[PDB]
Amino acid sequence: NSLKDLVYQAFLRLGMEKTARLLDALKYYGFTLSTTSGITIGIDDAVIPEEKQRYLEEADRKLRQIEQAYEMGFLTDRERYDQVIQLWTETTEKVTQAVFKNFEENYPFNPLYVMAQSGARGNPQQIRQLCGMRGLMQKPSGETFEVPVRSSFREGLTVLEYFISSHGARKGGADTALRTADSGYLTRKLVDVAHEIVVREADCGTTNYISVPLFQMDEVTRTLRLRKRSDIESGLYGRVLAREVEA
Amino acid sequence: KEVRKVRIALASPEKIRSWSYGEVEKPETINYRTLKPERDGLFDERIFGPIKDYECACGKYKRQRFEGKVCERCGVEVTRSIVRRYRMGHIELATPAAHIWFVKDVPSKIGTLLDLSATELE
Amino acid sequence: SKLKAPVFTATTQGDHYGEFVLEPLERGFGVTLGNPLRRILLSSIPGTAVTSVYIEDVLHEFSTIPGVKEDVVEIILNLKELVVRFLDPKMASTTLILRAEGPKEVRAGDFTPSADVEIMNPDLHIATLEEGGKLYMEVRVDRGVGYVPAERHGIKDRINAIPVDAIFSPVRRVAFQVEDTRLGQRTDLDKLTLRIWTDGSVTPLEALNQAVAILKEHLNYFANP
Amino acid sequence: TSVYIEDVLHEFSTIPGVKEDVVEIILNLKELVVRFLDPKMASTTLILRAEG
Amino acid sequence: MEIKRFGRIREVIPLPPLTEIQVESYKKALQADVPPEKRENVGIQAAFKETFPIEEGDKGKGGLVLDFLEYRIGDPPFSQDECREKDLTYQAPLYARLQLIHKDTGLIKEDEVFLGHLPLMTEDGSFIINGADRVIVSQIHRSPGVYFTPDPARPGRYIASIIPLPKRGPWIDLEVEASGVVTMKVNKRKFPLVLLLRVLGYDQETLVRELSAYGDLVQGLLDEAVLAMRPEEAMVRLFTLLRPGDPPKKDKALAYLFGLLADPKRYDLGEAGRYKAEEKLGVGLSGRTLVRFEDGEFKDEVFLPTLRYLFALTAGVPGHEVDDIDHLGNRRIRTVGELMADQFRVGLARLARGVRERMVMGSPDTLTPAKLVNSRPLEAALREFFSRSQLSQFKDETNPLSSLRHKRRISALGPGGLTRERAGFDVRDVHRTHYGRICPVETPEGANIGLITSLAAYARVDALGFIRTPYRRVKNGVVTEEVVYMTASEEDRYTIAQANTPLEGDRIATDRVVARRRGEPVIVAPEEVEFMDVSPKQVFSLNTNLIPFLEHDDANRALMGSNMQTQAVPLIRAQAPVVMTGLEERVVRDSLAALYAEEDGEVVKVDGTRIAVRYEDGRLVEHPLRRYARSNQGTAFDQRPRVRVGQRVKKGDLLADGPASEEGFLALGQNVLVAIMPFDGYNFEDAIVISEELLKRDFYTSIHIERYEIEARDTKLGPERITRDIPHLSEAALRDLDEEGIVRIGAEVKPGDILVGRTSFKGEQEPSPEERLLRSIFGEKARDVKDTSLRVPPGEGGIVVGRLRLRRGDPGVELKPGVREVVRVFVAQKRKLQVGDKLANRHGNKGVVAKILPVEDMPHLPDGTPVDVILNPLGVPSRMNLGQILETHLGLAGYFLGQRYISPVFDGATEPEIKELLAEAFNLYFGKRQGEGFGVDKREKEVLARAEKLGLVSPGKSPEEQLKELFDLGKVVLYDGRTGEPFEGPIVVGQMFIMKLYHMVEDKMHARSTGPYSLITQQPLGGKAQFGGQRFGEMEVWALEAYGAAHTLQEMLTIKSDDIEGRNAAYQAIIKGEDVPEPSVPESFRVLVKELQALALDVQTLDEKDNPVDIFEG
Amino acid sequence: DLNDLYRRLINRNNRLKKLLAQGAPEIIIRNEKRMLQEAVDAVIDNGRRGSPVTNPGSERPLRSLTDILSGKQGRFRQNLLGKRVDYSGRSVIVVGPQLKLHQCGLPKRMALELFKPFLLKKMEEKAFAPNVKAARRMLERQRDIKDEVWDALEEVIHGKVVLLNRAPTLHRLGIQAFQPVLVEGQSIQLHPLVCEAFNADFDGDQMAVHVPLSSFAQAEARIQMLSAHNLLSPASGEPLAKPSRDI
């Protein structure tokens, strides 16, 4: 994000020419640097937040209390099954954010992290599976076994957890699959239509304009709220005002 | 002057003939043993353009200028080997015709302009 | 083996900087050469700078100064940029005397005339004072070698004056890069480019010459005794 | 810099009685070292021979 | 070297004899080694017998029949090696014994009647069809029975299913629609099913009985009181709506397939078809959809118990539920031996209509078998099979693994009974079944993903293709030795437990036991246990097992590794991965590409060309060593002597290695020393750096043999000879063609240089333009017999080493229609590494190279020795393949420690166990350094200086320790050879096993300024002298359009392709350097306009003022 | 394949052209013209009705005036689908760390074959190599070029650029231009940054390289297609030459 702006920015108040050179050196300067400062990947750096135990521990316990709460009748099979689920996911999210908090107060230069923080590689997600843990999987028919994946890749995930954590890559490999084929399917049809449309004049001469929506109307709550950052830009960016505005 | 439109007009008997340069009112064309059309046919060059470089089928002045190459018994106009790529021909037919595309397209361009029981009739 | 001798060009500036360029080079040598040279430019180099700073009125880089606009800490840094040179062949140590007045703008040349030594950058902001502003300034200077933090030597010329960070390393910045040009069916042929930035003292050129000669002499020891 | 063996036309060959194969042969030679003693010595050719 | 082996759980049984899917299946089909009176059906037996009591039109009256007794196997008209050099189908004559009784009687048994060439299998598992080898693969289709399932174009309602074995019965679907009815779909037909209920003896009150009251859908299937009539009458509204053209009461001549006997309908002998259509249906069925000739009419069996679960399914009660159509207990597998047998019900098909038409025209007395049959329909239909069907695949001979990998495959595709290339989002997916049967991480990247796949190690297919996977039985708390190979439908009711789970001596150890039931993963009580898997290997595919630390790799970036490991190409100084998994060795043996000894004896003669032994008084065999022969990809595998000339052997052990093998162990690539880190963006995004060092040691070098061929035909302009005599060729050229047209062996090849002369007459014409400017590039105008010799295609080449010759007429050499004399020259090449070449780890880190750097650069360790490959980190994060990083650690370990280890599937070593040797290596390694007299220097400490500030090192401990501490932490300090200063951060280093893949730039890469202009389309194609001709698609253009690339667009649509004018025009243009193009009017435009008129319609042309054009000027 | 149609088309128009000249048996004249059309019929739109022409032997439909024009590369589509360049060349791509942005790969080997022309003449225009064609002969002496040569190849390209492209191009960026440079190794060298666009990966993927001649197309390129002049994604007015995944 940072530079990007600069990037853009720079360009803003400086000719494309320059813009480049900048882009350039960065490339360089960073590189050679991104190496002088020799970082690496030694599994140990694949940190696990001490609180893993206490978390998979205190959580492991909230279960013997919802199944021993079921033994009687406190919960239907439905009121029950939605608890072991909304269970591990609450804890799961603890795993996530926790291994991270520890990731700022201790080891703020840890390979992985830094990356994810900076732009390098790594998203909020992934990192997790590495260190803290994965979570619950999606069945083949969109379901989720009430049995989690405690292990984390840093640890040699066991036999079963794999056979269930598997689906994901291929049912999510069907995407990269059938999602690649259809050439540009969309693209084409598209094309054929507006291949005409081109800047053919300066000002249609029209007075007519458009009313841009800044505040979304939640078709559910009906309560209001302005739009999110981006959207906007991609709604006004470079637009052309039709009837001057005061504010 | 260069193009600035393309209008598709129909096909007229008079005009189909107008073109064709030749008149393949003749048999089959090829000859494998000896590469040569077949005394008037699908490749008779005499009617189209010369297969080879300028030259006839027997040999004449492959001269750049003069304009209008032919012979005694070798009327193969001498104007390069490419033009074999556009000069058409024709088989002045026996009697009637139907460029299907007016018969079995979609609306039946003829079996409409004249009713003719939509189809089955034509 | 083959390969001819390099082409040594040099786009000089005047006093600072210098884009020297040697072209013809077989793989590796690019780095080989430079790197160490760099490690000499910025390392052992003959030069001079401030070593102590007496300032009549208040001792402590962390005090206050009436009559003055800036503060001790600054005069310090401003004093560093300052550079002087030695005309006497073997006198590795001089004392300088700065004299302030009422309302003025201290300048690097306004330093005690004296012949034996030479102020090289007469202008420098140094300081600037209000109405009736005092500033005697026993500024001691040394013939150093590279960089010696004001916190390694502990200077002792006077009792209320402050020692400082010796920046007597003419070589103020040196960067290179080994791009590779072509000369025949070959294209990965090392192409070095050196750039040494220096204060108005010793020309970058010499910055190099002296470097080599040093690194040179520094090889004659691998002799065979 | 190079070699030569009896009835051999290419590096990818075999010889009756040798469990190697040019390769196995070649890769064992590339390595070998030889002291030249003389400065004049621009180059020379060694030579070996096997039996029974 | 010295090998340690981690984890226990002793494999109660090694792994299946692998190649079992092709050999053990093909031998129990073609039983030529078992008395002919015996043989318990299937394969050729059940094929000759399903169609042999073959009568003759007219039942009883005029004679002529023809039956079966036993079938005789043929003997190889040729041997494995010849049938290959000579282009033969290594088939094998197959005779059968016929005898046909007449009406007047006669026992005329014509002694073996040739029916057709049936190809024999190989020890391998592949065949020899028209030359090379192919892999008759094993598909997987929907196992017979009945399940029903919901309705697709009508939610809420249900459709019924009746699937018998395929190619032996019709498809039947009882879908209930909105009209109220319950129509019957059969072979593309949708008629009122009420018409088939009455045919099987059902009234107007027993269709309302057993199935009304509940579900008022029976009052739609009912009111049709015009067809709720008579028995032999509901047979003519069925034979006049199922088969038009014939209204006779012979509606039990056709209505006689789809039911009784087994001519068509039937789902196995009563197995999947019955044993399944019994438990879920209305119990009790024998073997066909109902039955005919019983006493007179048809006594229904399975068109009502399934019509009592489909309507009680569209309302219904419990027990009546949908079936899962992708379950394995619900899925089958067509093995090899049977797929040829099914091309025998098709080989014996167009043959049971080549006689039943031969007994109508020919005298019925003058007849004896071998005079009624022609035997062309089993050759043309059983040769058509090994020569065309999408399943008969080439055979990946890259390495030996892939070879086998191929075999293990499982396809859905297929000739008819299969899946197209546009469906499957309820199958492709991995299913709660597969567990131990069909690996889930072997399928291909995209395009096909899913449908295709490799079997799960141990698992075996059996009986009616039911996958069966090994489990170990317990005595409810105790632990047996007995092992349970069982089907899936036999697994959905057992509470199985991991093998991973702690077991003391021989039983259960602890109370918190992890177990699964049906498919759900739950924790179970120690004696609440039925079974327990034999191990995890039992779970992953074959190669998906070679993975060392799979325990720590994403699931996605993994298959990549099991895969790719296939596109693995061999090298010379090969070497097996430092970290293995056992099987590592076995793979090499079941592949057979390595040479072993049946009985133990001792070797006597030993050389590259052979190996003679003298087994224990069992004679003295002497198997040769295939030396430098070509694969099919090209590869070039060759076995190699790896034994001495004097030593008692070990009952059959590596009698010498194979291609990428090292003394019995699979050596895909070469474990090398790696350094994980970023270099000047020299491995960037997914690139990799190399040290000249390997080229030095010539470490990563591949051998490859390209196969060139030629054909000389018979023409009108004369026959195409081939002599070492061809005009204008300057001797210095021919120079290496002693063979009288062929290149001699051992000749150094170049491009354009001659390979195989071949003179053809042709001509009869005169050159002209667009080839007389070139031309003299191909002639000097000319000759009465032209060059047309082979010549080396641009780039390729190498050193020859093999020539083959034929000529229409040799004993077995059979040339096509028009051809005479063949030739094939074989030239190979060394290939080392070339910036860009492709390579990766089993852990899915595919990565090519961009910068081979000198041993002067190459960040080296402190003790001088430099790394090899720099494996930047970045490529690890977003993907989750830790383990690879784990291999590196073990690496450095295995370096100083001097060894190899085996970290099997989820059984490998461990962080606590590894740190152990890692330090165990440091204590050693360093003992080496302090012993020399040194002990860490400024460079190092300075690291450790920050190594602590970074908390990886424990503060307050001697420099020395901060090292070990760190060392054990799998990293260390690294020096950048370029600058004396080391890196400022410990660096993870170690030995990483890698490989070289199929792709190698050398075969890609091209460029064409001009050259071969097609004559068809009028544009750049092929390439005799100079080569290539890049394509250009819409996308390209649109974007081109994107930019106001006007010309860049036009010049991209003209003088660089069709518009003949230009290309020359232009071509010339530069030869002098002018503006160059400006083409008059693009070719194509005219073309079209003309392709137009060449189909009526003027297609004129005007401007702005609307006026006549002049679009053709000629 | 078309020509075999026009065939019978003449076959009939001649066989009946006779019947009328002699022998007026009504019924026949009829059974004949019935083919006259069916002739054309086929030739034009063979496929129609329910009976495709049977070449004596195969069962292959054989084109027709219809088919031919009927896209599937039928004179209409064939254009916006393919065609094959004259100054083309593809290859595997690799890091161009050193390479300054606007710069680019191209190893001598191909780099030459992909310029034969210009080189040639430029050669003559230089004291070396007497006559044009004469020159043609020296760069055909199998391999191992001379020195002076290259020098040329260089003064040869200094100034002109080339276009590049990954496999599934998609956006104008999908292709760019660069002052290519000669460089060892046979693969193609490419600058970082770009990657983003083509979704430039590094696993042996490859790209293309087209050569423009028109004093026009050339200019067109660099001033409209240089990655350098094109930094931002119209797709959303934000950067693309964005440093990253390391830098």
# chains A, B, ... in the order shown; residues from 1 in each chain; ligands from 1

$ closest_atom_pairs --of "chain C" --to "chain F" --cutoff "7 Å" --atoms "only C-alpha atoms" --output "JSON lines"
{"residue": "C:184", "atom": "CA", "partner": "F:147", "partner_atom": "CA", "distance": 4.9}
{"residue": "C:185", "atom": "CA", "partner": "F:147", "partner_atom": "CA", "distance": 6.3}
{"residue": "C:187", "atom": "CA", "partner": "F:183", "partner_atom": "CA", "distance": 5.8}

$ write_last_selection --atoms "N, CA, C and O atoms" --output "PDB file, in the first residue's frame"
ATOM      1  N   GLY C 184      32.111  -8.418 -28.501  1.00  0.00           N
ATOM      2  CA  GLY C 184      32.227  -9.587 -29.345  1.00  0.00           C
ATOM      3  C   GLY C 184      31.051 -10.498 -29.044  1.00  0.00           C
ATOM      4  O   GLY C 184      30.009 -10.034 -28.588  1.00  0.00           O
ATOM      5  N   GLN C 185      31.216 -11.790 -29.291  1.00  0.00           N
ATOM      6  CA  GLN C 185      30.167 -12.773 -29.048  1.00  0.00           C
ATOM      7  C   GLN C 185      29.892 -12.932 -27.543  1.00  0.00           C
ATOM      8  O   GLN C 185      29.048 -13.731 -27.136  1.00  0.00           O
ATOM      9  N   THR C 187      28.802 -11.249 -23.720  1.00  0.00           N
ATOM     10  CA  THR C 187      28.008 -10.171 -23.134  1.00  0.00           C
ATOM     11  C   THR C 187      27.990 -10.071 -21.618  1.00  0.00           C
ATOM     12  O   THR C 187      27.449  -9.118 -21.067  1.00  0.00           O
TER      13      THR C 187
END

$ residues_around --residues "region 5-7 of chain D" --least-positions-apart "5" --cutoff "12 Å" --atoms "only C-alpha atoms" --output "ChimeraX atom specification"
/D:13-16,18,21-22,25-26,47-50 /E:746

$ select_by_dssp --residues "chain B" --states "helix (DSSP H, G or I)" --output "list in words"
residues 13, 14, 15, 16, 17, 18, 45, 46, 47, 82, 83, 84, 85, 110, 111, 112 and 113 of chain B

$ residues_around --residues "residue 127 (chain E)" --least-positions-apart "2" --cutoff "10 Å" --atoms "only C-alpha atoms" --output "PyMOL selection string"
chain E and resi 80+89-91+119-125+129-136+386+392

$ atom_distance --atom1 "CA of residue 26 (chain A)" --atom2 "CA of residue 192 (chain F)"
11.0 Å

$ interface_residues --of "chain B" --to "chain F" --cutoff "12 Å" --atoms "only C-alpha atoms" --output "NGL selection string"
:B and (24-30 or 41-43 or 89-105)

$ write_last_selection --atoms "N, CA and C atoms" --output "short mmCIF file (atom, residue, chain, number, x, y, z; two decimals), in the first residue's frame"
data_model
loop_
_atom_site.label_atom_id
_atom_site.label_comp_id
_atom_site.auth_asym_id
_atom_site.auth_seq_id
_atom_site.Cartn_x
_atom_site.Cartn_y
_atom_site.Cartn_z
N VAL B 24 -15.59 -22.05 -67.70
CA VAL B 24 -15.34 -23.46 -67.47
C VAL B 24 -16.52 -24.28 -67.90
N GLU B 25 -16.99 -24.04 -69.10
CA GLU B 25 -18.10 -24.82 -69.61
C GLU B 25 -17.42 -26.13 -69.97
N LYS B 26 -16.36 -26.48 -69.23
CA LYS B 26 -15.59 -27.68 -69.52
C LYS B 26 -15.37 -28.65 -68.32
N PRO B 27 -15.17 -29.97 -68.60
CA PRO B 27 -14.95 -31.13 -67.70
C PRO B 27 -14.20 -30.98 -66.37
N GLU B 28 -13.23 -31.87 -66.12
CA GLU B 28 -12.44 -31.87 -64.87
C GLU B 28 -11.05 -31.26 -65.14
N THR B 29 -10.32 -30.89 -64.08
CA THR B 29 -9.00 -30.28 -64.29
C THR B 29 -7.86 -30.67 -63.35
N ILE B 30 -6.79 -31.14 -63.97
CA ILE B 30 -5.58 -31.60 -63.31
C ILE B 30 -4.94 -32.50 -64.37
N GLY B 41 -10.97 -26.37 -68.60
CA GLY B 41 -11.52 -27.08 -67.45
C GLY B 41 -11.59 -26.27 -66.15
N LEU B 42 -10.92 -26.74 -65.10
CA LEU B 42 -10.91 -26.01 -63.82
C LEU B 42 -9.59 -25.27 -63.67
N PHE B 43 -8.57 -25.72 -64.40
CA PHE B 43 -7.25 -25.10 -64.31
C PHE B 43 -6.74 -24.49 -65.60
N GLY B 89 -14.57 -18.06 -62.89
CA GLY B 89 -14.97 -18.75 -64.10
C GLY B 89 -16.47 -18.96 -64.02
N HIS B 90 -17.05 -19.74 -64.93
CA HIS B 90 -18.48 -19.99 -64.91
C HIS B 90 -18.94 -21.16 -65.76
N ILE B 91 -20.04 -21.77 -65.32
CA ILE B 91 -20.64 -22.88 -66.02
C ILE B 91 -22.05 -22.45 -66.37
N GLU B 92 -22.20 -21.73 -67.48
CA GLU B 92 -23.50 -21.29 -67.93
C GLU B 92 -24.34 -22.55 -67.83
N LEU B 93 -25.20 -22.55 -66.82
CA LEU B 93 -26.04 -23.69 -66.52
C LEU B 93 -26.98 -24.18 -67.60
N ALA B 94 -27.56 -25.35 -67.35
CA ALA B 94 -28.49 -25.95 -68.28
C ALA B 94 -29.83 -25.23 -68.28
N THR B 95 -30.45 -25.08 -67.11
CA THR B 95 -31.76 -24.42 -67.07
C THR B 95 -32.18 -23.55 -65.85
N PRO B 96 -32.65 -24.16 -64.74
CA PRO B 96 -33.06 -23.32 -63.60
C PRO B 96 -32.12 -23.43 -62.41
N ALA B 97 -32.38 -22.65 -61.35
CA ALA B 97 -31.53 -22.70 -60.17
C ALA B 97 -32.16 -22.22 -58.87
N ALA B 98 -31.46 -22.52 -57.79
CA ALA B 98 -31.89 -22.15 -56.46
C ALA B 98 -30.69 -22.06 -55.53
N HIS B 99 -30.26 -20.84 -55.25
CA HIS B 99 -29.14 -20.64 -54.36
C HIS B 99 -29.65 -20.88 -52.96
N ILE B 100 -29.99 -22.14 -52.69
CA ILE B 100 -30.53 -22.57 -51.41
C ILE B 100 -30.81 -21.48 -50.38
N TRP B 101 -29.84 -20.61 -50.16
CA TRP B 101 -29.97 -19.53 -49.20
C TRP B 101 -31.21 -18.68 -49.35
N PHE B 102 -32.10 -19.09 -50.24
CA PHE B 102 -33.35 -18.38 -50.47
C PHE B 102 -34.45 -19.42 -50.46
N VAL B 103 -34.04 -20.64 -50.14
CA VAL B 103 -34.90 -21.81 -50.11
C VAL B 103 -35.00 -22.45 -48.73
N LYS B 104 -33.86 -22.82 -48.17
CA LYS B 104 -33.84 -23.48 -46.86
C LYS B 104 -32.93 -22.79 -45.83
N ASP B 105 -33.08 -21.47 -45.70
CA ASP B 105 -32.30 -20.69 -44.75
C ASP B 105 -32.96 -20.71 -43.38
#

$ residues_around --residues "residue 578 (chain E)" --least-positions-apart "6" --cutoff "9 Å" --atoms "only C-alpha atoms" --output "PyMOL selection string"
chain E and resi 670-672+887+890-891+894+899-902+991-993

$ write_last_selection --atoms "N, CA, C and O atoms" --output "PDB file, in the first residue's frame"
ATOM      1  N   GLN E 670      18.990 -35.295  -7.849  1.00  0.00           N
ATOM      2  CA  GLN E 670      20.253 -35.241  -7.137  1.00  0.00           C
ATOM      3  C   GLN E 670      20.205 -34.344  -5.901  1.00  0.00           C
ATOM      4  O   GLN E 670      20.141 -33.122  -6.010  1.00  0.00           O
ATOM      5  N   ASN E 671      20.228 -34.955  -4.725  1.00  0.00           N
ATOM      6  CA  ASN E 671      20.230 -34.197  -3.486  1.00  0.00           C
ATOM      7  C   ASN E 671      21.468 -33.323  -3.543  1.00  0.00           C
ATOM      8  O   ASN E 671      22.575 -33.823  -3.728  1.00  0.00           O
ATOM      9  N   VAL E 672      21.292 -32.018  -3.407  1.00  0.00           N
ATOM     10  CA  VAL E 672      22.440 -31.135  -3.442  1.00  0.00           C
ATOM     11  C   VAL E 672      22.396 -30.193  -2.245  1.00  0.00           C
ATOM     12  O   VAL E 672      21.410 -30.158  -1.511  1.00  0.00           O
ATOM     13  N   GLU E 887      13.494 -30.804   4.941  1.00  0.00           N
ATOM     14  CA  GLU E 887      14.459 -31.668   4.266  1.00  0.00           C
ATOM     15  C   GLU E 887      15.859 -31.046   4.311  1.00  0.00           C
ATOM     16  O   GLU E 887      16.872 -31.745   4.460  1.00  0.00           O
ATOM     17  N   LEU E 890      17.442 -31.551   7.853  1.00  0.00           N
ATOM     18  CA  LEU E 890      17.951 -32.911   7.877  1.00  0.00           C
ATOM     19  C   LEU E 890      19.167 -32.930   6.965  1.00  0.00           C
ATOM     20  O   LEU E 890      20.146 -33.626   7.228  1.00  0.00           O
ATOM     21  N   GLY E 891      19.096 -32.126   5.907  1.00  0.00           N
ATOM     22  CA  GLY E 891      20.202 -32.026   4.979  1.00  0.00           C
ATOM     23  C   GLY E 891      21.479 -31.741   5.749  1.00  0.00           C
ATOM     24  O   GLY E 891      22.224 -32.670   6.067  1.00  0.00           O
ATOM     25  N   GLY E 894      22.496 -34.623   7.636  1.00  0.00           N
ATOM     26  CA  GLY E 894      23.091 -35.665   6.823  1.00  0.00           C
ATOM     27  C   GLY E 894      24.417 -35.345   6.157  1.00  0.00           C
ATOM     28  O   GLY E 894      25.074 -36.249   5.645  1.00  0.00           O
ATOM     29  N   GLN E 899      25.345 -39.524   6.080  1.00  0.00           N
ATOM     30  CA  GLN E 899      24.308 -40.530   5.986  1.00  0.00           C
ATOM     31  C   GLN E 899      23.086 -40.175   5.157  1.00  0.00           C
ATOM     32  O   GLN E 899      23.051 -39.176   4.429  1.00  0.00           O
ATOM     33  N   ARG E 900      22.102 -41.057   5.286  1.00  0.00           N
ATOM     34  CA  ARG E 900      20.803 -41.002   4.628  1.00  0.00           C
ATOM     35  C   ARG E 900      19.789 -41.433   5.681  1.00  0.00           C
ATOM     36  O   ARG E 900      20.126 -42.154   6.621  1.00  0.00           O
ATOM     37  N   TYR E 901      18.552 -40.990   5.528  1.00  0.00           N
ATOM     38  CA  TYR E 901      17.519 -41.328   6.488  1.00  0.00           C
ATOM     39  C   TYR E 901      16.231 -41.608   5.708  1.00  0.00           C
ATOM     40  O   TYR E 901      16.162 -41.355   4.502  1.00  0.00           O
ATOM     41  N   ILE E 902      15.223 -42.144   6.397  1.00  0.00           N
ATOM     42  CA  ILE E 902      13.918 -42.464   5.805  1.00  0.00           C
ATOM     43  C   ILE E 902      12.788 -41.944   6.699  1.00  0.00           C
ATOM     44  O   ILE E 902      12.458 -42.559   7.715  1.00  0.00           O
ATOM     45  N   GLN E 991      21.188 -29.888   2.546  1.00  0.00           N
ATOM     46  CA  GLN E 991      21.157 -30.667   1.323  1.00  0.00           C
ATOM     47  C   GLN E 991      19.704 -30.894   0.934  1.00  0.00           C
ATOM     48  O   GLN E 991      18.951 -31.531   1.674  1.00  0.00           O
ATOM     49  N   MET E 992      19.320 -30.376  -0.230  1.00  0.00           N
ATOM     50  CA  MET E 992      17.956 -30.515  -0.737  1.00  0.00           C
ATOM     51  C   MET E 992      17.954 -31.376  -2.008  1.00  0.00           C
ATOM     52  O   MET E 992      18.712 -31.121  -2.937  1.00  0.00           O
ATOM     53  N   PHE E 993      17.126 -32.414  -2.030  1.00  0.00           N
ATOM     54  CA  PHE E 993      17.025 -33.282  -3.192  1.00  0.00           C
ATOM     55  C   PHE E 993      16.191 -32.542  -4.214  1.00  0.00           C
ATOM     56  O   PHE E 993      15.144 -31.989  -3.881  1.00  0.00           O
TER      57      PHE E 993
END
